[PDB]
Amino acid sequence: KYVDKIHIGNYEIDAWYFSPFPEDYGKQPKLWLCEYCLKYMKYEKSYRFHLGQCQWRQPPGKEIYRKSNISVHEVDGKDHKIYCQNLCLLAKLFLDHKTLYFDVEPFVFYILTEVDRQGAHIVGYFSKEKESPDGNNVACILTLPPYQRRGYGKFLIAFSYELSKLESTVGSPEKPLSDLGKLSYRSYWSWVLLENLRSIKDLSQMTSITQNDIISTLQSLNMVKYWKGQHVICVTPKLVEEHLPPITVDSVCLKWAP
Ligand SMILES: CC(=O)SCCNC(=O)CCNC(=O)[C@H](O)C(C)(C)COP(=O)(O)OP(=O)(O)OC[C@H]1O[C@@H](n2cnc3c(N)ncnc32)[C@H](O)[C@@H]1OP(=O)(O)O
Ligand SMILES: [Cl-]
Ligand SMILES: [Zn+2]
């Protein structure tokens, strides 16, 4: 009745949430998505026809990052409306809430793919409001379930902060963070603040992380104290811990200006 499973590429993925695909698309569905253009179809037959016809082998937009077989395509929703609407319907399957799927023009989408001989296979993405009333540098972030727990989510988070640094600005993800968002951000923020430390204003300037996110991270690392209510960094090179990363953003492979 609702879409509960999709076939994309040669993965099938069960839904985590309702996504408002048109009702008849509630086939089973089984919804069958082209992995390159993200067109949604109702039947294996229209799926197989499309696959032999569709000429796309990668996302639209500009490839603003490439290192080994990892790339990021920047995709303005005003210029690739249908693709971006298709993407937002896909993402809503794994996001407990999203803005209206058809209203993509206020956003730019950064699409992460793994590249092989066949083409560039979508791993995940984040979106960003062109203008955020709350200073959000990410609106939604997603690694598709089959690629999760491999470092792709932290890669995207890092990449969003690379864009913030280049724009000489601090940013934070849009609230509320899902429980998995919470774990990923806390993890990335701790690694970055720890690798840096080995001022809170200065940590902010250096990383584009907000002072509020720096403070809450430092508290959870026990590296902050109170002096007449004011938050003071309190640490030793002693630890600055690092016991129990996999893919990082190389600024040299990034081709983007503010
Ligand atoms: C602003 C917002 O968009 S909030 C919404 C965020 N997105 C979602 O909720 C969509 C569904 N979830 C996801 O797409 C992802 O889980 C993200 C994008 C939230 C995480 O993506 P991943 O590719 O799994 O991230 P990655 O492998 O980089 O791991 C990040 C951290 O989260 C932890 N984590 C990820 N999944 C789990 C899990 N199932 N159980 C426990 N910890 C987990 C990882 O172990 C890692 O912590 P570590 O650094 O201590 O190892
Ligand atoms: Cl699944
Ligand atoms: Zn296609």
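What follows is calculated from the coordinates using simple rules that are stated; it is not laboratory data. For neighbour counting, all protein chains shown are included, and Cβ atoms are generated from backbone atoms with ideal geometry for every residue, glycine included.
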In region 14-56, which residue that is among the hydrophobic types (A, V, I, L, M, F, W, C) and not in a loop (DSSP other than H, G, I, E, B) is nearest to the chain's Cα centre (by Cα)?
-> 33
All conditions in (1) closer than 21 Å to residue 163 by Cβ; (2) within 14 Å of ligand 3 (Cβ to nearest atom); (3) not in a loop (DSSP other than H, G, I, E, B) are true of residue 60 except (3)
Residue 139: passes all of (1) of a type in the set (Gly, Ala, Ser); (2) under 10 Å from the mean Cα position of the chain (by Cα); (3) under 29 Å from residue 243 (Cβ atoms) but (3)
Cβ-Cβ under 8 Å pairs, at least 6 apart or on other chains, region 170-185 side within 20 Å of residue 258 (Cβ to Cβ) and of a type outside the set (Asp, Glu), far side in a strand (DSSP E or B) and near ligand 1 (Cβ under 6 Å from one of its atoms) | 171/138; 173/138; 173/141
Of 161, 152, which residue is more than 21 Å from residue 77 (Cα to Cα) and under 18 Å from the mean Cα position of the chain (by Cα)?
-> 152
Would you mention how many residues in region 155-192 are more than 8 Å from ligand 1 (Cβ to nearest atom), among the hydroxyl-bearing types (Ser, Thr, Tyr) and not in a helix (DSSP H, G or I)?
-> 3
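Before we move on, is residue 104 farther than 25 Å from residue 12 by Cα, more than 10 Å from ligand 1 (Cβ to nearest atom), crowded, with 22+ Cβ neighbours inside 10 Å and β-branched (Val, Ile, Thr)?
Here the answer is yes, as residue 104 does meet what is asked.
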So which of 89, 33, 93 is within 16 Å of ligand 2 (Cβ to nearest atom) and more than 26 Å from residue 117 (Cβ to Cβ)?
-> 93
Give region 80-118 a look and list any residue that's β-branched (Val, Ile, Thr) and outside any helix (DSSP H, G or I), or say none.
-> 99, 104, 108, 111, 113, 115
